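What follows is a set of notes on a single structure, which appears directly below.
No value in this document is a laboratory result; all are computed from the given coordinates. With ideal geometry, Cβ positions are generated from the backbone for all residues, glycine too; neighbour counts draw on all protein chains shown.
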Amino acid sequence: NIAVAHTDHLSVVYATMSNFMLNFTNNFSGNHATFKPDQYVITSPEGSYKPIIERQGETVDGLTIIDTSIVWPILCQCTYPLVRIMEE
Amino acid sequence: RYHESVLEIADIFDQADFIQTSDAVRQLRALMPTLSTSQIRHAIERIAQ
Amino acid sequence: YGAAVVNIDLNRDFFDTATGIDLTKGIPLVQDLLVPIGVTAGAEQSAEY
């Protein structure tokens with residue numbers, strides 16, 4: 001029932017957000033088997049070393065931890081513009 | 001060097017009571033918009049109505 | 001005498017408004033049976049054919 005909404009609409013939204021100016025990193029090559037993020041650090045001979053990606057654990061921003069169960073509301077209690085019958 | 005394209009089952013199979021494949025039904029399909037299962041369901045509900 | 005043009009139409013008397021068909025335009029036109037999604041309003045009409 002919802003598949004046409006994800007493929008035929010949400011995917012285009014991904015395609016555009018894919019080009020927004022501040023989405024600067026490459027996140028995933030589409031290959032779980034091989035992909036690793038490119039890893040840069042600011043660093044100086046004077047001893048500074050700041051990794052851009054680092055694993056400090058759960059943080060106040062509320063973005064460090066993922067609840068995968070978000071899939072369930074998406075597959076069930078969520079309507080879409082493409083389902084349903086018209087909607088601009 | 002290739003061309004990806006859609007292959008309708010009607011363009012493979014042609015068993016008589018299984019897959020309707022009259023050229024009529026074919027061109028009638030050619031007239032149709034892309035469809036979701038919900039669209040098809042809505043059509044069925046409309047004929048029912 | 002004085003008939004301008006004689007056409008062969010679908011019979012409105014058989015294909016009545018009870019069928020949900022509308023033959024006034026020269027073609028059958030059933031509203032809200034098949035209808036595309038994701039199109040601006042008024043883009044549905046060709047599907048009515």
Restricting to segment B:1-20, name every residue that is exposed (fewer than 12 other Cβ atoms within 10 Å of the Cβ) and assigned to a helix (DSSP H, G or I).
B:9, B:11
Sort out which residues of segment A:1-58 are more than 14 Å from chain B (Cβ to nearest Cβ), outside any loop (DSSP other than H, G, I, E, B) and charged (D, E, K, R), and write them in order of number.
A:50
Being more than 15 Å from the chain's Cα centre (by Cα) and at the interface with chain C (Cβ under 8 Å from one of its Cβ atoms) is the filter here, so list the residues in segment B:25-48 that pass it.
B:42, B:46, B:47
Residue check, residue B:23 surrounded by 10 or more Cβ atoms within 10 Å (Cβ to Cβ) and acidic (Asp, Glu):
no
Applying the selection to segment A:2-54, what residues are closer than 30 Å to residue A:82 by Cβ and small (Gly, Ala, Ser)?
A:3, A:5, A:11, A:15, A:18, A:29, A:30
Quick one: would you say residue B:39 is in a helix (DSSP H, G or I) and more than 27 Å from residue A:2 (Cα to Cα)?
no
Filtered residues of segment C:1-41 (kept if assigned to a loop (DSSP other than H, G, I, E, B), of a type in the set (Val, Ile, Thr) and within 14 Å of chain B (Cβ to nearest Cβ))
C:21, C:27, C:30, C:35, C:37, C:39, C:40
If a residue must be surrounded by 11 or more Cβ atoms within 10 Å (Cβ to Cβ) and either within 30 Å of residue A:5 (Cα to Cα) or in contact with a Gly (Cβ under 7 Å, 6 or more places away or on another chain) (or both), how many such residues does segment C:22-44 contain?
13
